[PDB]
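Here you get one chain, nothing else, as structure tokens; it is the form deposited in one PDB entry.
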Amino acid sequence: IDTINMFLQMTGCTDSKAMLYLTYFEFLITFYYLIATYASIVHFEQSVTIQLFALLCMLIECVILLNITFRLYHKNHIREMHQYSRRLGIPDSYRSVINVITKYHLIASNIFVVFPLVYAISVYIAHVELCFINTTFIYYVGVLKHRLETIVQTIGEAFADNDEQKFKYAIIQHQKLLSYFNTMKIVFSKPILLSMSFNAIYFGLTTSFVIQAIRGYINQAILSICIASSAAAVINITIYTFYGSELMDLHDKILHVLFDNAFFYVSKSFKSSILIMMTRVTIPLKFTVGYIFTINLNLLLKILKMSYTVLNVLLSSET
């Protein structure tokens, strides 16, 4: 909750009033930089190394502008989803991974700051929201996993006393978990698409800039951006894919814990509920966004295969 409370405070679910306007104040500072950068090549005269660096700057600030209100859009959804998540925590492994991510992002940000204030304004604001969406997703997937574990434990307890009331409670818990998963899909459908497109376009930009690098046009130039932003894109897309694929194995636990010998001693009303929930949980929890994208390691492998094919084609054409 070190940064989950930060989610809450900049989103507005808490008593923070000026901090909410401070979030919108961040939307204006980037807006100042975005319009100024867009006017560089339009009016100002500069060399090739400037606009391309400005293009990386404006593309980065485009993400910054396309993340603040982009995340503030689902204010009520995030509030309700946090309220559901307040009851039960998250696994210790998820706590460790979010701690590691938030420690790395803060430390890695300072590397570029002191690498060589006028330009450092946007350096720190970029890194915080890069970790921000990479921590919210893991926290709110971990709470879902913990609730799934609680549901499995409740079902296992229900298969010891033939308790209709306990099984009804477990079914209600499963329905609430499904509703929360739908809410999570609604919340995260858009930022995941933004991150995936960002990854694709920066992969293309970096591979073109890397093949046109050794020639020497980029001495003390965009290479720092093409390293840092590409690394951030890679880590966020990897986190998203991994924790969207972890949700594909949540229903298997229920599907395997429902198959119990006690099912042959219940009173013919327990059996119908068992069979109905088995039918429901046969299909795993699929994280479908954009009507075409299934967020998982298979999607990550597809992206990697596309990148590898592009690299192979470019290398074959060059040689």
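Sequential numbering from 1, following the sequence displayed. Definition used throughout: the rigid core is the maximal C-alpha set that superposes within 1.5 Å between two forms.
Quick note: we don't show the form deposited in another entry, though the next part is all about it.
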Of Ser96, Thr238, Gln212, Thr150, only one moves its C-alpha by 2 angstroms or more between this form and the one not shown once the rigid core is aligned, so tell me which. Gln212
For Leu72, is the CA shift between this form and the one not shown at least 2 Å following rigid-core superposition? no
Exceeds or equals 2 Å, Cα of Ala221 between this form and the one not shown, core fit: yes
C-alpha of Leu297 off by 2 Å or more between this form and the one not shown on rigid core: no
